[PDB]
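What follows is model_12.pdb (PDB, N, CA and C atoms).
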```
ATOM      1  N   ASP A   1      49.038  23.066 -62.901  1.00  0.00           N
ATOM      2  CA  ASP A   1      47.612  23.320 -62.732  1.00  0.00           C
ATOM      3  C   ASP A   1      46.944  22.178 -61.972  1.00  0.00           C
ATOM      4  N   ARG A   2      47.727  21.475 -61.162  1.00  0.00           N
ATOM      5  CA  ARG A   2      47.212  20.357 -60.380  1.00  0.00           C
ATOM      6  C   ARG A   2      46.684  20.835 -59.030  1.00  0.00           C
ATOM      7  N   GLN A   3      47.254  21.927 -58.531  1.00  0.00           N
ATOM      8  CA  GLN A   3      46.841  22.484 -57.248  1.00  0.00           C
ATOM      9  C   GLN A   3      45.380  22.919 -57.288  1.00  0.00           C
ATOM     10  N   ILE A   4      44.842  23.059 -58.495  1.00  0.00           N
ATOM     11  CA  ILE A   4      43.454  23.469 -58.669  1.00  0.00           C
ATOM     12  C   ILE A   4      42.505  22.505 -57.967  1.00  0.00           C
ATOM     13  N   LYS A   5      42.936  21.257 -57.822  1.00  0.00           N
ATOM     14  CA  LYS A   5      42.127  20.238 -57.165  1.00  0.00           C
ATOM     15  C   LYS A   5      42.404  20.207 -55.665  1.00  0.00           C
ATOM     16  N   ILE A   6      43.638  19.878 -55.302  1.00  0.00           N
ATOM     17  CA  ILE A   6      44.032  19.815 -53.900  1.00  0.00           C
ATOM     18  C   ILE A   6      43.560  21.051 -53.141  1.00  0.00           C
ATOM     19  N   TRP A   7      43.475  22.173 -53.846  1.00  0.00           N
ATOM     20  CA  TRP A   7      43.035  23.425 -53.238  1.00  0.00           C
ATOM     21  C   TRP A   7      41.839  23.195 -52.322  1.00  0.00           C
ATOM     22  N   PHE A   8      40.887  22.392 -52.788  1.00  0.00           N
ATOM     23  CA  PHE A   8      39.691  22.092 -52.010  1.00  0.00           C
ATOM     24  C   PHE A   8      39.561  20.591 -51.772  1.00  0.00           C
ATOM     25  N   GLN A   9      40.387  19.813 -52.464  1.00  0.00           N
ATOM     26  CA  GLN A   9      40.363  18.362 -52.328  1.00  0.00           C
ATOM     27  C   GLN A   9      41.246  17.909 -51.172  1.00  0.00           C
ATOM     28  N   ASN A  10      42.200  18.755 -50.795  1.00  0.00           N
ATOM     29  CA  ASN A  10      43.113  18.440 -49.702  1.00  0.00           C
ATOM     30  C   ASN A  10      42.343  18.127 -48.422  1.00  0.00           C
ATOM     31  N   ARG A  11      41.129  18.661 -48.324  1.00  0.00           N
ATOM     32  CA  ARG A  11      40.291  18.439 -47.151  1.00  0.00           C
ATOM     33  C   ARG A  11      38.982  17.757 -47.541  1.00  0.00           C
ATOM     34  N   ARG A  12      38.804  17.526 -48.837  1.00  0.00           N
ATOM     35  CA  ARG A  12      37.596  16.883 -49.340  1.00  0.00           C
ATOM     36  C   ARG A  12      37.920  15.530 -49.966  1.00  0.00           C
ATOM     37  N   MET A  13      38.878  14.824 -49.373  1.00  0.00           N
ATOM     38  CA  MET A  13      39.282  13.515 -49.873  1.00  0.00           C
ATOM     39  C   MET A  13      38.072  12.601 -50.044  1.00  0.00           C
ATOM     40  N   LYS A  14      37.061  12.804 -49.208  1.00  0.00           N
ATOM     41  CA  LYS A  14      35.845  12.000 -49.266  1.00  0.00           C
ATOM     42  C   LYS A  14      34.683  12.810 -49.833  1.00  0.00           C
ATOM     43  N   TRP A  15      34.753  14.126 -49.673  1.00  0.00           N
ATOM     44  CA  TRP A  15      33.707  15.013 -50.170  1.00  0.00           C
ATOM     45  C   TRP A  15      34.087  15.596 -51.526  1.00  0.00           C
ATOM     46  N   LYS A  16      34.832  14.824 -52.310  1.00  0.00           N
ATOM     47  CA  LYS A  16      35.262  15.263 -53.632  1.00  0.00           C
ATOM     48  C   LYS A  16      34.061  15.576 -54.518  1.00  0.00           C
ATOM     49  N   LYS A  17      32.954  14.883 -54.275  1.00  0.00           N
ATOM     50  CA  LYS A  17      31.736  15.088 -55.048  1.00  0.00           C
ATOM     51  C   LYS A  17      30.676  15.801 -54.216  1.00  0.00           C
TER      52      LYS A  17
END
```

Translate this structure into structure tokens?
Amino acid sequence: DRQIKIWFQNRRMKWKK
């Protein structure tokens, strides 16, 4: 259930918030 983050974090490394 880790892909739940990278799913949108993979391109939001800086826009995580």

Check: At what distance in Å, to one decimal, does atom C of residue 16 of chain A lie from atom C of residue 3 of chain A?
Finding: 13.8 Å

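Note that atom N of residue 17 of chain A and atom C of residue 4 of chain A are 12.8 Å apart.
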
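Backbone DSSP over chain A yields alpha helix (DSSP H) at residues 3, 4, 5, 6, 7, 8 and 9 of chain A.
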
Starting from the structure just given, write a file holding chain A with C-alpha atoms, as a tab-separated table (two decimals), in the first residue's frame.
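Below is the file part26.tsv, written as the result:
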```
chain	number	residue	atom	x	y	z
A	1	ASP	CA	0.00	0.00	0.00
A	2	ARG	CA	3.01	2.25	-0.58
A	3	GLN	CA	2.16	3.00	-4.21
A	4	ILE	CA	-0.73	5.04	-2.81
A	5	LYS	CA	1.77	7.87	-2.36
A	6	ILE	CA	4.12	7.59	-5.34
A	7	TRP	CA	0.93	7.44	-7.41
A	8	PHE	CA	0.84	11.24	-7.23
A	9	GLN	CA	4.08	11.84	-5.34
A	10	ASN	CA	6.21	10.43	-8.15
A	11	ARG	CA	5.73	13.81	-9.83
A	12	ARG	CA	4.98	15.85	-6.71
A	13	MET	CA	8.34	15.38	-4.99
A	14	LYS	CA	8.14	19.09	-4.17
A	15	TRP	CA	4.37	19.54	-4.40
A	16	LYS	CA	3.74	16.82	-1.81
A	17	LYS	CA	1.73	19.39	0.15
```
